[PDB]
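One structure is given below, encoded as structure tokens.
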Amino acid sequence: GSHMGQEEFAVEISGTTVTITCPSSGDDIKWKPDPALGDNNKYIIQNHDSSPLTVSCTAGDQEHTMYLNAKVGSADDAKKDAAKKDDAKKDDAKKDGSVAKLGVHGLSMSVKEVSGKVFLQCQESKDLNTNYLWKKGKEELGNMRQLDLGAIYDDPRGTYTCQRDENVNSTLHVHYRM
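Counting in the working numbering, the sequence shown runs from 2 upward without gaps.
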């Protein structure tokens, strides 16, 4: 009943600004994808762009991830309707953030889009057999060249965890709709 948002991350869209909650804990959460729009135990999105992204959360000894693909403006709200804020697209040029080519500054994970499918990536520690670590809330591990646990039309329908361990901690949820 009283869950708010939608899931562990519980997202709340408000006009041209949407906020996200960090279920990792709530003491000292550290965002990555974009710290500019990352609050304590929360993620204040503003002037966002209609597109996807892999958001990772780190609260002390907890890790939570969730794919974020949507547009800001007209979606949901809490208690407001009439308001005139946020300039209609002012200064932006172009932004990406995480787009592979890692191996120098920490790590980053995201989902790929292939022939009517949707794959994913992960962080590897060694180089021999351990290729892309994926542990589903209901399924343990199963190394694979490319993370494929769902389809584009037939979504994964299940949240998985990706990390450089046999018992990954970063749980990346799944939820996309164009």
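All C-beta atoms, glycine included, are put in the ideal place defined by N, C-alpha and C.
Which residue wins for smallest C-alpha separation from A79, given the options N41, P34, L148, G6?
Among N41, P34, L148, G6, the Cα nearest to that of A79 belongs to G6.
Neighbour-count burial assignment, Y161, 16 or more Cβ in a 10 Å radius
Classification of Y161: buried, given that the 10 Å Cβ count is 16 or more.
I'd like the ranges of any beta strand (DSSP E) spanning at least 3 consecutive residues and lying wholly in the segment 96 to 128.
For secondary structure counted as the beta strand (DSSP E) over 3 or more consecutive residues, the segment 96 to 128 holds these complete runs in sequence order: 112 to 115, 118 to 121.
With H, G and I counted as helix, E and B as strand and the rest as coil, what does DSSP make of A83?
Judged by DSSP in its simplified three-state form, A83 adopts coil rather than helix or strand.
Residues that DSSP places opposite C58 in a beta bridge:
DSSP output for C58 lists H65 as bridge partner(s).
Can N48 and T17 be called in contact, C-beta distance under 8 Å?
Yes; because the gap between Cβ atoms is below 8 Å, this pair is in contact.
Take the Cβ of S25 as the centre, count every other Cβ of all protein chains shown within 10 Å, and call the residue buried at 16 or more, exposed below.
The residue is buried, with at least 16 neighbouring Cβ atoms inside 10 Å.
Is the Cβ-Cβ distance between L150 and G138 less than 8 Å?
Result no, Cβ atoms of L150 and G138 do not sit closer than 8 Å.
Check whether the Cβ atoms of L69 and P53 lie closer than 8 Å to each other.
Yes, they are a contact pair.
Along the chain, where does the beta strand (DSSP E) that runs through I153 open and close?
For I153, there is no enclosing beta strand (DSSP E), since its DSSP letter is neither H nor E.
So, helix, strand or coil for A37, using DSSP?
In the three-state reduction of the DSSP assignment, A37 falls in the helix class, which pools H, G and I.
Under the three-state reduction of DSSP, which class applies to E9: helix, strand or coil?
Coil at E9, not helix or strand.
Could you check what DSSP says for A71 in three-state terms: helix, strand or coil?
DSSP places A71 in strand when its eight states are reduced to three.
If I'm right that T55 touches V112 with Cβ under 8 Å, what's the distance once you round it to whole angstroms?
Here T55 really is in contact with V112; their C-beta atoms are around 7 Å apart, less than 8 Å.
Does the beta-carbon distance from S99 to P34 come in below 8 Å?
Cβ atoms of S99 and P34: closer than 8 Å.
Quick check on DSSP: helix, strand or coil for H176?
Of the three classes helix, strand and coil, the one that applies to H176 here is coil, per DSSP.
Note the first and the last residue of the continuous beta strand (DSSP E) segment covering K90.
Bounds of any beta strand (DSSP E) do not take in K90, whose DSSP letter is neither H nor E.
Segment limits, beta strand (DSSP E) that includes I30
Note, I30: premise wrong, no beta strand (DSSP E); not H, not E.
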